[PDB]
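Visitor: Fold the following.
(one chain, ligands or ions: 4)
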Amino acid sequence: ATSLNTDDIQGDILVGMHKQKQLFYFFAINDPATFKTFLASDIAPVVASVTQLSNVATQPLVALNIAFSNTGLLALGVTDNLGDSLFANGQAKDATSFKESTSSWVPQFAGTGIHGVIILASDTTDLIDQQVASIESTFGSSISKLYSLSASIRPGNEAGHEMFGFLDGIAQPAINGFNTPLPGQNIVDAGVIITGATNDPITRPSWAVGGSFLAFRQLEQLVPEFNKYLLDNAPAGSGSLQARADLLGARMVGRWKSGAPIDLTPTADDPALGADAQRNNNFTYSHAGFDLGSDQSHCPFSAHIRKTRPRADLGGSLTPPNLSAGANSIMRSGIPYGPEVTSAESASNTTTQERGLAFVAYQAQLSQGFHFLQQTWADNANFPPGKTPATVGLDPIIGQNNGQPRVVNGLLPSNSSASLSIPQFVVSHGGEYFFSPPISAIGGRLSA
Ligand code: HEM
Ligand SMILES: *[C@@H]1O[C@H](CO)[C@@H](O[C@@H]2O[C@H](CO)[C@@H](O[C@@H]3O[C@H](CO)[C@@H](O)[C@H](O)[C@@H]3O)[C@H](O)[C@H]2NC(C)=O)[C@H](O)[C@H]1NC(C)=O
Ligand SMILES: *[C@@H]1O[C@H](CO)[C@@H](O)[C@H](O)[C@H]1NC(C)=O
Ligand SMILES: *[C@@H]1O[C@H](CO)[C@@H](O)[C@H](O)[C@H]1NC(C)=O
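Guide: Residues are numbered from 1 along each chain as shown. Ligands and ions are numbered 1, 2, ... in the order given. Take a look:
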């Protein structure tokens, strides 16, 4: 029965940092003894909890979370089995089953040299900067910075949008009964996200109960190229070029840039819908009487959000809310990075400055969350199953095919069998798998 201790869970996992800027600070541990000393004295009491972060009046000036790799845990003398072999083997090893070469990876990600990540969030970079100083002064050479990624909410009216322009963070699983569910939102057991929580089938070490597996990915987005492809391949029609291009963009994502799901508004954006959390997730893909297996006029089968949360595609209720595939939910805590598109990139339709998403997913089993979604669903041209045509193609957004163009069907409303071959517009530079421990562990077992 008994519910989540939110005083002991790190905030990013369930609520997110709530800050304009974030820094991911990837480190190695040089001397364990010293390191544990400050881990306990200086990190642990300032680590931000879910309880802390969901009180308007209790937000720290700088929000800090911390998570450790397998090689990080080992370095701290912590040889316990966390019960995740994807976690133990590391993301570099997992790269092939993603149909991606580590040739474009951050060199520091393409191994197991990284022992952890500190996440710092704040509403300005100055505060982040000074907090880094203060951490580096305290820890001294008991730690090395191996790599860093700065990120922020996008500027102006683009706030809450990702670099392609699309409102993100509409959709997350509701944890029963932490969250009171919205219309259409999936509801899952806590133990889908929190290791050792309600109905996590996997044995954990006791110190790790209340943590989560953080899957990090630095995903470069080629925004000019994406926009040009949309203009170049927009379906014919009586609509303006710009409307038809936007239509193709939305059909790839499954939502208009305003966030309005195309399933409910298949022919034009509806920003009032997009802004309304009571409506903007309230759908299953079913419609009377179109049949689920062949109708792509509301939303392609290949659309990103359909590919990553299949809803009524994997059975269950046709009226919301659909609760299929609960065990395959991830909490998403990602945030854009890099500069806005510049005038010169827009003009040449060519990227020169690296920008994209610092993609963060939480889950209790890596094998059921990020990794599953990416390989079994996104990368699988027969997914969802039992469609006609059977060849859905790949996720136009994250689908991978060894750096070759992805074939994706369903996108063009006038002919669902019509294929487009789509260059990659998202380019993984790698990341790593971390374990974000309960806060008690941090000054407890890990520092002890
Ligand atoms: C640069 C790459 C990415 C971009 C631009 C992107 C963009 C978006 C957007 C615009 C949405 C709609 C917002 C929402 O429904 O809340 C979304 C939803 C979602 N994405 Fe991504 N995404 C990226 C990578 C990923 C990856 C790698 C995965 C996991 C393998 C993932 C899984 C999800 C899930 C689970 C949803 C919610 C679907 C739902 O609950 O209906 N995405 N994404
Ligand atoms: C979430 O979407 C569902 C549909 O999947 C909405 O349920 C539907 O809502 C309409 C109202 O627009 C229901 O019909 C209307 O409500 C009364 C109910 O007594 C009905 O008698 C009238 O015919 C009226 O048109 C419709 O029956 C209902 N469908 C189902 C399957 O329940 C729901 O309203 C949406 N939630 C939100 C917050 O928008
Ligand atoms: C960029 O793409 C647009 C639309 O296809 C085209 O009009 C324009 O000429 C391209 N820019 C350059 C520099 O080629
Ligand atoms: C639909 O696309 C398929 C595959 O390209 C093609 O063979 C068929 O001729 C198309 N039908 C129409 C009406 O374009």
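
Visitor: could you pull out the strands for this structure?
Guide: Listed in chain order, the strands of the chain (DSSP state E) span 21-29, 63-68, 116-122, 143-152, 174-176, 187-189, 212-221, 331-332, 335-337, 356-363, 406-409, 419-422, 426-436.

Visitor: contact partners of the fifth one?
Guide: Contacts of strand 174-176 with the rest of the structure, by C-beta atoms under 8 Å, 6 or more residues apart in numbering, involve 4, 14, 180-182, 185-190, 192-193, 198. Heads up, the C-betas are built off the backbone N, CA and C, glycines and all.

Visitor: List the neighbouring strands of it plus their orientation.
Guide: Partners of strand 174-176 in the sheet, by DSSP bridges, are strand 187-189 (parallel).

Visitor: check whether the partner strand contacts ligand 1.
Guide: No. Looking at strand 187-189 against ligand 1 by C-beta under 6 Å from any ligand atom, there are no contacts, and the closest approach is 11.5 Å.

Visitor: Can you give me the buried ones in that strand?
Guide: Of the residues in strand 187-189, those scored as buried under the neighbour-count criterion (16 or more other C-beta atoms under 10 Å) are 187-189.

Visitor: For the residue of the stretch 251-400 of the chain found nearest ligand 3, give me its contacts.
Guide: Across the stretch 251-400 of the chain, no residue is closer to ligand 3 than residue 349, which sits at 3.7 Å (C-beta to the nearest ligand atom). With C-beta under 8 Å, 6+ apart as the criterion, the residues that contact residue 349 are 224-225, 227-228.

Visitor: out of these, which is most surrounded?
Guide: When neighbours are counted as other C-beta atoms under 10 Å, the busiest of these turns out to be residue 224, with 20 neighbours.

Visitor: separation between that one and ligand 3?
Guide: Between residue 224 and ligand 3 the distance is 8 Å, computed by C-beta to the nearest ligand atom, to the nearest Å.

Visitor: just residue 401 next, same as before
Guide: With distances taken as C-beta to the nearest ligand atom, residue 401 is found 24 Å from ligand 3.

Visitor: To residue 106, which of the strands of the chain lies closest?
Guide: Proximity of the strands of the chain to residue 106 was assessed by C-beta to C-beta; the nearest stretch is strand 426-436, lying at 4.9 Å.

Visitor: So which bits of that closest one are buried?
Guide: Buried residues in strand 426-436, counting neighbours by 16+ other C-beta under 10 Å, are found at 426-436.

Visitor: quick one: that strand to strand 116-122, angle?
Guide: For strand 426-436 against strand 116-122, the angle by axes from the mean of the first three to the mean of the last three C-alpha atoms, to 10 degrees is 100 degrees.

Visitor: Going forward, the N-terminal residue is numbered 42.
Guide: With 42 as the first residue, the last one maps to strand 467-477.

Visitor: Give me the angle between strand 467-477 and strand 253-262.
Guide: Angle between the axes of strand 467-477 and strand 253-262 is 160 degrees (criterion: the same axes, to 10 degrees).

Visitor: I'd say residue 127 and residue 409 touch.
Guide: No. With contact taken as C-beta atoms under 8 Å, residue 127 and residue 409 are classed as non-touching, separated by 10.1 Å.
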